[PDB]
């Protein structure tokens, strides 16, 4: 569950979570231990970068099916 | 029969289960990147 | 989670469904999280 992303989303991602897609694509067995290693990269993955768009039961396309950063 | 597709939109725009058989092997995907949506293989 | 069961069995009547009995053991129960309302079989061509 590793990426380049907002320093806010670092504080979030786990299975069975609030809303549509964070339950549906992440409908995993109960047990978890949500922890994270991260560091800032605005000098490495930015100068200048906007490639941070990401995507009834289980109707996932391509919480929500569309959100973006940059 | 190369295999099957199952889902709601059946076109990878929504999540779309693809199943394929090659020899005795079976290969399965659910993805949104477009498949061989044209099924063709030359017999 | 998508569940599949199957058989391979000798039917001489290649046209049509047989009389008599067949029970299918499972292959897989894939943990995928999908919903289904349609399906299509994919075929090769001459």
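Protein chains in written order, with PDB author numbering: chain V, 398 to 444, 447 to 454, 462 to 468, 489 to 496; chain U, 101 to 143; chain A, 200 to 245.
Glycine included, each C-beta is placed from N, C-alpha and C at the ideal position.
Contacting residues, own chain, Cβ-Cβ under 8 Å from residue i (five flanking each side not counted)
i: residue 404/V; result: 435 and 437
i: residue 230/A; result: 200
i: residue 467/V; result: 454
i: residue 451/V; result: 401, 402, 403, 494, 495 and 496
Cut-off 7 Å between Cβ atoms - residues of its own chain near residue i, not counting five sequence neighbours on either side
i: residue 464/V; result: 421
i: residue 228/A; result: 200 and 202
i: residue 221/A; result: 206 and 208
Cβ pair residue i, residue j closer than 7 Å
i: residue 219/A; j: residue 424/V; result: no
i: residue 419/V; j: residue 495/V; result: no
i: residue 121/U; j: residue 107/U; result: no
i: residue 112/U; j: residue 135/U; result: yes
i: residue 203/A; j: residue 226/A; result: yes
i: residue 442/V; j: residue 407/V; result: no
i: residue 398/V; j: residue 410/V; result: yes
Own chain partners of residue i with C-beta closer than 6 Å, once the 5 adjacent residues on each side are dropped
i: residue 449/V; result: 496
i: residue 119/U; result: 103, 104 and 128
i: residue 210/A; result: 217
Neighbouring residues, chain D, relative to residue i (Cβ below 7 Å)
i: residue 134/U; result: The structure shown has no chain D; the protein chains it does contain are V, U and A.
Presumed contact (8 Å Cβ cut-off) between residue i and residue j, rounded CB distance
i: residue 241/A; j: residue 105/U; result: 7 Å
i: residue 130/U; j: residue 110/U; result: Residue 130/U to residue 110/U, Cβ: 12 Å. No contact.
Burial state of residue i (16 or more Cβ within 10 Å)
i: residue 143/U; result: exposed
i: residue 213/A; result: exposed
i: residue 493/V; result: exposed
i: residue 114/U; result: buried
Residues that DSSP places opposite residue i in a beta bridge
i: residue 216/A; result: Looking at the DSSP assignment, residue 216/A forms no beta bridge with any residue, so it has no partner.
i: residue 125/U; result: 122/U
i: residue 237/A; result: 107/U
i: residue 116/U; result: 107/U
i: residue 493/V; result: 453/V
i: residue 224/A; result: 205/A
i: residue 467/V; result: 114/U
i: residue 141/U; result: Per DSSP, none; premise fails for residue 141/U.
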